[PDB]
């Protein structure tokens, strides 16, 4: 995955969303980079650097951690996505950036990143449509199930929005997120999502490599079965 000179294709984007691991240093009691390496070895198809909130690294320490995580992604041949921080994404030559409804406007961000991957968090039909109009390459819908990893989350919605989006004929790449585990991931794919994203199911697993591998196997099976 090098410098993109064209917008990513929907087919490729949907493949990358399969097992989308997200993590920051405050999401695990183990060594942060080691956990990311294990998740990638297991089979994660995309990784998002999300370092924020209390206890999170800041300044130069945060940047150095990001560089190491990006290097791990490079070795595994997996794209590196940065959450929120557009400047950091540009400075590190990340493969993409993910933003939410309270972050920089998608139109503004798309103009600043060229053909880099752009993901947008959406919770309603209107936000999903606005994201596509603004130039997003994929949307993250949720929370599907209860989660406490992110404190300020909107109402749990199950797979209702995913189904509604597909029912309206919208084929934009979708990844479900929020309290997803290996036991409840299938329904998300069956509803029409192109993948599942998770933090704690992998970051806090006693065996992150095995957990990522299970996700990879499971998701492939259900994408073929639906």
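Residue numbers count along the first chain shown, from 1.
Residue 154, though modelled here, lacks coordinates in at least a third of the other entries of this protein that were compared and that model residues flanking it.
Stretch comparison (211-219 versus 20-28) by mean CA B-factor in the PDB entry places 211-219 on top. Here the stretch with the larger average CA B-factor, out of 160-168 and 36-44, is 160-168. Among 93, 151, 98, 110, the highest C-alpha B-factor recorded in the PDB entry belongs to 151. When the C-alpha B-factors of 125, 78, 139, 144 are ranked from the entry, the top spot goes to 125. Placement of the Cα temperature factor of residue 9 within the chain: highest third of the modelled residues, per the deposited record.
Sorting the modelled residues of the chain by their CA temperature factor places residue 155 in the highest third. Residue 56 sits in the highest third of its chain by CA B factor, as recorded in the PDB entry. Residue 104: CA B factor in the highest third of modelled residues in this chain (values from the PDB entry). Among the modelled residues of the chain, residue 116 sits in the middle third by CA temperature factor in this PDB entry.
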